[PDB]
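Below: one structure, written as C-alpha coordinates.
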Amino acid sequence: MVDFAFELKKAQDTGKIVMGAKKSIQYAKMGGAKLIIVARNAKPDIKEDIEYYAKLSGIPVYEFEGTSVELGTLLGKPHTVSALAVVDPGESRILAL
(Lines give C-alpha, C1' and ligand atoms only; values in the text may rest on other atoms or scores of the structure.)
Protein backbone atom coordinates (compact mmCIF):
# COMPACT_ATOMS: atom_id res chain seq x y z
CA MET A 1 0.00 0.00 0.00
CA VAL A 2 1.03 3.57 -0.70
CA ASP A 3 0.39 6.16 2.02
CA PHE A 4 -0.45 9.40 0.22
CA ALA A 5 0.35 11.69 3.15
CA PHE A 6 3.67 9.98 3.73
CA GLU A 7 4.69 10.21 0.08
CA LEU A 8 3.50 13.81 -0.28
CA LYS A 9 5.56 14.77 2.75
CA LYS A 10 8.55 12.78 1.50
CA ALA A 11 8.38 14.43 -1.91
CA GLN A 12 7.90 17.86 -0.36
CA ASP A 13 10.90 17.30 1.90
CA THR A 14 13.33 15.70 -0.52
CA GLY A 15 12.08 16.66 -3.99
CA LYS A 16 10.23 19.64 -5.42
CA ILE A 17 6.55 20.28 -5.57
CA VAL A 18 4.84 23.38 -6.88
CA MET A 19 1.51 24.27 -5.36
CA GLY A 20 -1.67 25.89 -6.65
CA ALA A 21 -4.15 25.47 -9.47
CA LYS A 22 -2.55 28.15 -11.68
CA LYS A 23 0.98 26.82 -11.44
CA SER A 24 -0.25 23.25 -11.88
CA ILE A 25 -2.07 24.24 -15.06
CA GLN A 26 0.97 26.16 -16.30
CA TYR A 27 3.23 23.17 -15.62
CA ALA A 28 0.72 21.02 -17.49
CA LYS A 29 0.87 23.34 -20.47
CA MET A 30 4.69 23.10 -20.42
CA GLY A 31 5.42 19.46 -19.63
CA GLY A 32 7.64 20.52 -16.74
CA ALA A 33 6.26 18.14 -14.08
CA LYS A 34 6.27 14.38 -13.47
CA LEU A 35 2.90 14.15 -11.77
CA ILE A 36 -0.06 16.41 -11.25
CA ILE A 37 -2.22 15.91 -8.17
CA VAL A 38 -5.68 17.46 -7.89
CA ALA A 39 -8.10 17.53 -4.96
CA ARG A 40 -11.45 15.78 -5.13
CA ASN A 41 -13.28 19.08 -4.73
CA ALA A 42 -11.22 21.10 -7.15
CA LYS A 43 -13.45 23.21 -9.40
CA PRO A 44 -14.46 20.86 -12.24
CA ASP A 45 -13.22 23.23 -14.90
CA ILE A 46 -9.86 23.63 -13.22
CA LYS A 47 -9.81 19.83 -13.24
CA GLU A 48 -10.69 19.81 -16.97
CA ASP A 49 -7.96 22.31 -17.87
CA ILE A 50 -5.31 20.31 -16.08
CA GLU A 51 -6.37 16.99 -17.66
CA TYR A 52 -6.62 18.49 -21.13
CA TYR A 53 -3.10 20.02 -21.13
CA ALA A 54 -1.50 17.17 -19.18
CA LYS A 55 -2.74 14.68 -21.73
CA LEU A 56 -1.16 16.84 -24.44
CA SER A 57 2.22 17.17 -22.70
CA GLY A 58 2.20 13.61 -21.42
CA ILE A 59 1.96 14.20 -17.68
CA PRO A 60 0.08 11.78 -15.44
CA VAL A 61 -2.62 13.26 -13.28
CA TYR A 62 -3.83 11.86 -9.97
CA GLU A 63 -6.93 12.73 -7.94
CA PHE A 64 -6.34 12.90 -4.18
CA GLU A 65 -9.58 11.63 -2.75
CA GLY A 66 -9.70 14.26 -0.01
CA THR A 67 -10.58 17.96 -0.10
CA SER A 68 -8.44 20.98 -0.88
CA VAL A 69 -8.44 22.05 2.78
CA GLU A 70 -6.81 18.74 3.66
CA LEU A 71 -4.36 18.92 0.73
CA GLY A 72 -3.11 22.35 1.86
CA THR A 73 -3.01 21.23 5.47
CA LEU A 74 -0.97 18.17 4.47
CA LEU A 75 1.40 20.61 2.82
CA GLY A 76 1.63 22.82 5.91
CA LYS A 77 -0.45 25.64 4.42
CA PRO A 78 -3.19 27.73 6.19
CA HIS A 79 -5.32 27.83 3.02
CA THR A 80 -6.78 25.37 0.54
CA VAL A 81 -4.56 23.89 -2.19
CA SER A 82 -6.67 22.38 -5.00
CA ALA A 83 -3.78 21.06 -7.07
CA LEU A 84 -0.01 20.75 -7.11
CA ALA A 85 2.69 19.59 -9.49
CA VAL A 86 5.38 17.10 -8.56
CA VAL A 87 8.41 18.41 -10.41
CA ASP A 88 10.79 16.10 -8.60
CA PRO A 89 9.58 13.16 -6.44
CA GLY A 90 12.81 13.37 -4.44
CA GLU A 91 13.23 10.13 -2.53
CA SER A 92 9.50 9.30 -2.60
CA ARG A 93 7.56 6.78 -4.65
CA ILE A 94 4.80 9.35 -5.18
CA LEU A 95 4.97 8.88 -8.95
CA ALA A 96 3.41 5.46 -8.34
CA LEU A 97 0.09 7.25 -7.97
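Convention: chains lettered A, B, ... in C-alpha coordinates order; per-chain residue numbering from 1; ligands numbered from 1 as shown.
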Query raised in the report: Looking only at the backbone, which of the residues in region 6-81 of chain A does DSSP tag as alpha helix (DSSP H), as an MDAnalysis selection string?
Result: chainID A and resid 6:14 21:30 44:57 68:74
Write the residues of the selection above to a file with N, CA and C atoms, as a short mmCIF file (atom, residue, chain, number, x, y, z; two decimals), in the first residue's frame.
```
data_model
loop_
_atom_site.label_atom_id
_atom_site.label_comp_id
_atom_site.auth_asym_id
_atom_site.auth_seq_id
_atom_site.Cartn_x
_atom_site.Cartn_y
_atom_site.Cartn_z
N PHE A 6 2.26 10.24 3.49
CA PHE A 6 3.67 9.98 3.73
C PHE A 6 4.48 10.36 2.51
N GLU A 7 4.01 9.93 1.34
CA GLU A 7 4.69 10.21 0.08
C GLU A 7 4.68 11.72 -0.26
N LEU A 8 3.56 12.39 -0.02
CA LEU A 8 3.50 13.81 -0.28
C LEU A 8 4.53 14.53 0.58
N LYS A 9 4.59 14.16 1.86
CA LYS A 9 5.56 14.77 2.75
C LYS A 9 6.99 14.43 2.31
N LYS A 10 7.22 13.17 1.93
CA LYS A 10 8.55 12.78 1.50
C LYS A 10 8.97 13.55 0.25
N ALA A 11 8.05 13.74 -0.68
CA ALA A 11 8.38 14.43 -1.91
C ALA A 11 8.58 15.91 -1.64
N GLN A 12 7.81 16.45 -0.71
CA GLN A 12 7.90 17.86 -0.36
C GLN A 12 9.24 18.12 0.31
N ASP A 13 9.66 17.18 1.15
CA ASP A 13 10.90 17.30 1.90
C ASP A 13 12.13 17.11 1.02
N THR A 14 12.11 16.11 0.15
CA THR A 14 13.33 15.70 -0.52
C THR A 14 13.36 15.98 -2.02
N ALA A 21 -3.50 25.78 -8.21
CA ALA A 21 -4.15 25.47 -9.47
C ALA A 21 -3.45 26.10 -10.67
N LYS A 22 -3.10 27.38 -10.55
CA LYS A 22 -2.55 28.15 -11.68
C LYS A 22 -1.18 27.68 -12.11
N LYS A 23 -0.34 27.35 -11.14
CA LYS A 23 0.98 26.82 -11.44
C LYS A 23 0.87 25.39 -11.98
N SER A 24 -0.09 24.63 -11.47
CA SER A 24 -0.25 23.25 -11.88
C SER A 24 -0.68 23.22 -13.33
N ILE A 25 -1.60 24.12 -13.68
CA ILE A 25 -2.07 24.24 -15.06
C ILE A 25 -0.92 24.67 -15.97
N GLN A 26 -0.18 25.68 -15.53
CA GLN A 26 0.97 26.16 -16.30
C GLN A 26 2.00 25.05 -16.50
N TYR A 27 2.30 24.28 -15.46
CA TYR A 27 3.23 23.17 -15.62
C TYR A 27 2.66 22.17 -16.61
N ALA A 28 1.35 21.98 -16.60
CA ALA A 28 0.72 21.02 -17.49
C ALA A 28 0.87 21.49 -18.93
N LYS A 29 0.66 22.78 -19.14
CA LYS A 29 0.87 23.34 -20.47
C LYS A 29 2.31 23.12 -20.98
N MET A 30 3.27 23.03 -20.06
CA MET A 30 4.69 23.10 -20.42
C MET A 30 5.43 21.78 -20.36
N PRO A 44 -14.52 21.86 -11.17
CA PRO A 44 -14.46 20.86 -12.24
C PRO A 44 -13.73 21.38 -13.47
N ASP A 45 -13.80 22.68 -13.70
CA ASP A 45 -13.22 23.23 -14.90
C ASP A 45 -11.72 23.41 -14.73
N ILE A 46 -11.28 23.68 -13.51
CA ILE A 46 -9.86 23.63 -13.22
C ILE A 46 -9.38 22.21 -13.48
N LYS A 47 -10.14 21.24 -13.01
CA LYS A 47 -9.81 19.83 -13.24
C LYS A 47 -9.77 19.50 -14.74
N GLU A 48 -10.69 20.06 -15.52
CA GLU A 48 -10.69 19.81 -16.97
C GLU A 48 -9.45 20.40 -17.65
N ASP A 49 -9.16 21.66 -17.36
CA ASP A 49 -7.96 22.31 -17.87
C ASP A 49 -6.71 21.46 -17.67
N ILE A 50 -6.47 21.09 -16.42
CA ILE A 50 -5.31 20.31 -16.08
C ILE A 50 -5.24 19.02 -16.92
N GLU A 51 -6.33 18.25 -16.92
CA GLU A 51 -6.37 16.99 -17.66
C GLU A 51 -6.12 17.21 -19.15
N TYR A 52 -6.76 18.22 -19.71
CA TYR A 52 -6.62 18.49 -21.13
C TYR A 52 -5.13 18.70 -21.48
N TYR A 53 -4.50 19.70 -20.87
CA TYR A 53 -3.10 20.02 -21.13
C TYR A 53 -2.11 18.92 -20.73
N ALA A 54 -2.39 18.22 -19.63
CA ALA A 54 -1.50 17.17 -19.18
C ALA A 54 -1.54 15.96 -20.12
N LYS A 55 -2.67 15.73 -20.76
CA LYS A 55 -2.74 14.68 -21.73
C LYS A 55 -1.88 15.08 -22.93
N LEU A 56 -1.92 16.36 -23.29
CA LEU A 56 -1.16 16.84 -24.44
C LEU A 56 0.36 16.83 -24.21
N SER A 57 0.79 17.10 -22.98
CA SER A 57 2.22 17.17 -22.70
C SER A 57 2.72 15.88 -22.08
N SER A 68 -9.53 20.02 -0.73
CA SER A 68 -8.44 20.98 -0.88
C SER A 68 -8.00 21.67 0.43
N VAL A 69 -8.86 21.62 1.45
CA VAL A 69 -8.44 22.05 2.78
C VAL A 69 -7.40 21.07 3.31
N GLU A 70 -7.72 19.78 3.20
CA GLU A 70 -6.81 18.74 3.66
C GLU A 70 -5.51 18.72 2.86
N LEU A 71 -5.58 18.87 1.54
CA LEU A 71 -4.36 18.92 0.73
C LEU A 71 -3.42 20.04 1.20
N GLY A 72 -3.95 21.24 1.43
CA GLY A 72 -3.11 22.35 1.86
C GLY A 72 -2.53 22.16 3.25
N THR A 73 -3.38 21.62 4.13
CA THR A 73 -3.01 21.23 5.47
C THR A 73 -1.90 20.17 5.48
N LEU A 74 -2.01 19.19 4.58
CA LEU A 74 -0.97 18.17 4.47
C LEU A 74 0.33 18.86 4.11
#
```
Report task. Extract, using only C-alpha atoms, all DNA, RNA and protein residues at most 7 Å from region 32-37 of chain A, discarding same-chain residues fewer than 6 positions from it, and format them as a list in words. Result -> residues 24, 59, 60, 61, 62, 63, 64, 83, 84, 85, 86, 87, 88 and 95 of chain A
Query raised in the report: Hey, what does DSSP flag as strand (DSSP E or B) within chain A? Can you give it to me as a list in words?
Result: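 Those residues are residues 16, 17, 18, 19, 35, 36, 37, 38, 39, 61, 62, 63, 64, 83, 84, 85, 86, 87 and 88 of chain A.
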Query raised in the report: Just how far from CA of residue 15 (chain A) is CA of residue 91 (chain A), in Å to one decimal?
Result: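 Computing the Euclidean distance for CA of residue 91 (chain A) and CA of residue 15 (chain A) yields 6.8 Å.
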